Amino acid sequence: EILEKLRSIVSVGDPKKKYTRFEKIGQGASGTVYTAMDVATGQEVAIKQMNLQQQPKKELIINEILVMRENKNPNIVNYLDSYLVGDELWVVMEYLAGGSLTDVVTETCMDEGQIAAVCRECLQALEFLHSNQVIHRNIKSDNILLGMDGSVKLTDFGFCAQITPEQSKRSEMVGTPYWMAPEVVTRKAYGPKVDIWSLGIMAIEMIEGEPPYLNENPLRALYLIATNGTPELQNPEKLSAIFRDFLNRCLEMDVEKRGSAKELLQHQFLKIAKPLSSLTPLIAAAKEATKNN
């Protein structure tokens, strides 16, 4: 009964009377996400509703709230408040008009300057997290929110881990299979660089529309990742050399030679980054492609 700690993180108050105009904007294993309007202040918010009985390891919910409230940053979605209502936890965040990077990678073609800009913002987030001793462990396009202002933010801290000088490596087989690093899949001690791998896979998503092996089942993908290591592109000759080089540093098998986020922020590939405004057309196009979907 560590549900003691959770009940005292949470604010008290009528959540269904503090906020109105609930429209579902998203869903996940994590839960359903709604937009809503604060009765007071008028401010529109994003609220995630998470069934508790679905999550057996309730330290992960606690850990999730704490990591968001203690590691605020422009490239991380902004925690406002939390509330327990019945057998359901509500997490309130700042709403940003925009979309997931998943809508853009599946519905559009990004150029290298657009890709370089997303990567840079993501690496900025990870360098911040990694220096504050936090591994995300679930990097993927579905967990990147793009703002109509041009913003790029990380979300979904439900799988994240805190490390220490003493316990500097983790050992949980955690993540989404197609984005998981080999050292995770093969049950070795792993550190912050598993996020770098995952970002590399997200770069493939932006190039090819999908992570490697997506047409395979999750379990098979796991086998493939462990046996193949560094995945191959469908059409590698389509990319510039600096881009290819960035990918090779992200998707290095040798953890020690794989880029940290600090290193990677200095790579040449990010120097072709367009301005963030260049992303808003992508967002516009994704909304149009999913008018029905």
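Note that residue numbering follows the sequence shown and begins at 1.
Asker: Comparing 148-156 with 81-89, where is the mean C-alpha B-factor higher?
Answerer: For C-alpha atoms only, the mean B-factor is higher in 81-89.
Asker: Taking only the CA atoms, which stretch has the higher mean B-factor in the record, 254-262 or 35-43?
Answerer: Taking the mean C-alpha B-factor of 254-262 and of 35-43, the larger value falls to 35-43.
Asker: Is residue 194 in the lowest, middle or highest third of its chain when residues are ranked by C-alpha B-factor?
Answerer: Answer is lowest: the recorded C-alpha B-factor places it there.
Asker: Looking at the entry's B-factor column for C-alpha atoms only, identify whether residue 133 ranks in the lowest, middle or highest third of its chain.
Answerer: Middle third by C-alpha B-factor.
Asker: Please place residue 247 in the lowest, middle or highest third of its chain by C-alpha B factor as given in the entry.
Answerer: CA B-factor rank for residue 247: lowest third.
Asker: State the tercile, meaning the lowest, middle or highest third, of residue 168 with respect to the CA B-factors recorded for its chain.
Answerer: It belongs to the highest third of the chain when residues are ordered by C-alpha B-factor.
Asker: Is the Cα B-factor recorded for residue 11 in the lowest, middle or highest third of its chain?
Answerer: Middle third by C-alpha B-factor.
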